[PDB]
Amino acid sequence: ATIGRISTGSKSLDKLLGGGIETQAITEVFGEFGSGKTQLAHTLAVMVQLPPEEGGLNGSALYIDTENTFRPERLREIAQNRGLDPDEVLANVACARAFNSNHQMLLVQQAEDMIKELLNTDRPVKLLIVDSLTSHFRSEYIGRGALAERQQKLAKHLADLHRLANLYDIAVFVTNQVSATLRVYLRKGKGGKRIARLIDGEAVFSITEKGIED
Ligand SMILES: O=C(O)c1ccc2c(c1)CCCC2
């Protein structure tokens, strides 16, 4: 399969990314609490549904929510302001709440069953989001030998996500509060602006009724 790209909604962020986030890849966005990582996650869940001429892949999206950050009303607002039908945008985004890190790891196996079901239909899964991927791993693995166990567990989780990305031609997008194909550092700036830098030029964008934009 040819590498597809999903537009982030910001032309500036898209140019930094080579046209958007790639399928058969894991893109990780990291930053401090309140930098806009979840906003980007929400905008991509809408953008993936658009035709390629509009920056999408005619795809559906899976959203693994670890900290209760999924807002369907936000997807609706983003869809309405991008000239999409809000009810239809919601019907193409499936959300699952991860209750702890072990549950989060099992949800990746369940995502594979949903990907298989939709494979070769008119709306195949083209995006899998894991919001605050490390949140549960950081709060649960405190102690002596807990740190080596945290590392073994995340390594296995990340390898399961890499496997899905390549096998089913999906863009995996993960957020992390301070392994990936691409790492993007996100920070707040002056005048409510958000700044993105590739880790290993800078994009500048705003958080608006259109999700994220120039
Ligand atoms: O509703 C469910 O049973 C369910 C289970 C797993 C996953 C989703 C939904 C959506 C995101 C991917 C992981």
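Residues numbered from 1 in each chain as written, not as in the entry; some residues may be left out. Heavy atoms only, no water. Residues with missing side-chain atoms left out of burial classes, pairs and counts.

Observations regarding the overall build of the protein
Piece 1. Within the protein, the regular secondary structure consists of 7 helices and 11 strands.
Piece 2. Over its C-alpha trace the protein gives a radius of gyration of 16 Å, about what one expects of a compact globule, namely 17 Å for 214 residues.
Piece 3. C-alpha extents for the protein along the principal axes are approximately 50 × 45 × 30 Å. (Helix = DSSP H or I, 4+ residues; strand = E, 2+ residues; numbered from the N terminus. Rg over C-alpha atoms; globule rule 2.2 N^0.38 Å.)

Examining the UniProt feature "binding site: ATP" in the protein
Piece 1. What UniProt calls "binding site: ATP" maps, in this numbering, to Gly31, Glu32, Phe33, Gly34, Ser35, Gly36, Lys37 and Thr38.
Piece 2. Tracing the chain through its elements places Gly34 in the loop between β3 (25-31) and α2 (37-47).
Piece 3. Owing to a relative accessible area of 36%, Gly34 belongs among the partly exposed residues under this scheme.
Piece 4. Once residues within four sequence positions are removed from consideration, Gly34 is found in contact with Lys188 and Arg194.
Piece 5. With respect to the helices and strands, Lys37 occurs in helix α2. (UniProt positions renumbered as here; feature names shortened; annotations may be inferred. Buried < 20%, exposed > 50% of the residue type's maximum accessible area, 1.4 Å probe, protein only. Contact = heavy atoms within 4.5 Å.)

Things to note about the site of the ligand
Piece 1. Taken together, the residues surrounding the ligand are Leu62, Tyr63, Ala94, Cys95, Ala96, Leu107, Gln110, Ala111 and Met114.
Piece 2. In the complex, the protein chains occlude 71% of the 330 Å² of accessible area that the ligand would expose alone.
Piece 3. Put simply, the parts of the chain that give the shell around the ligand at least two residues each are β4 (60-65), β5 (93-97) and α5 (101-118).
Piece 4. Broken down by element, the residue count for the shell around the ligand peaks at 4 residues, all from α5.
Piece 5. Grouping the constituent residues of the shell around the ligand by class yields 8 nonpolar, 1 polar and no charged. (Near = heavy atom within 4 Å. Areas by Shrake-Rupley, 256 points an atom, 1.4 Å probe, with all protein chains shown as cover. Nonpolar A, V, L, I, M, F, W, Y, C, P; charged D, E, K, R; others polar.)

Quick word on the pattern of salt bridges
Piece 1. In this structure the tally under the stated criterion is 9 salt bridges.
Piece 2. Linking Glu28 and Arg183 is a salt bridge whose minimum nitrogen-to-oxygen distance equals 3.6 Å.
Piece 3. With a relative accessible area of 12%, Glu28 lands in the buried category.
Piece 4. For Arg183, a relative accessible area of 32% translates into the label partly exposed.
Piece 5. One salt bridge connects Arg74 with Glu77, and the closest N-O pair in it is separated by 2.7 Å. Linking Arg74 with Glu77, this pair stays in helix α3 (residues 72-81), spanning 3 residues, or about one helical turn.
Piece 6. When its relative accessible area of 10% is taken as the criterion, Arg74 is described as buried. (Salt bridge = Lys/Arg side-chain N within 4 Å of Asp/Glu carboxyl O.)

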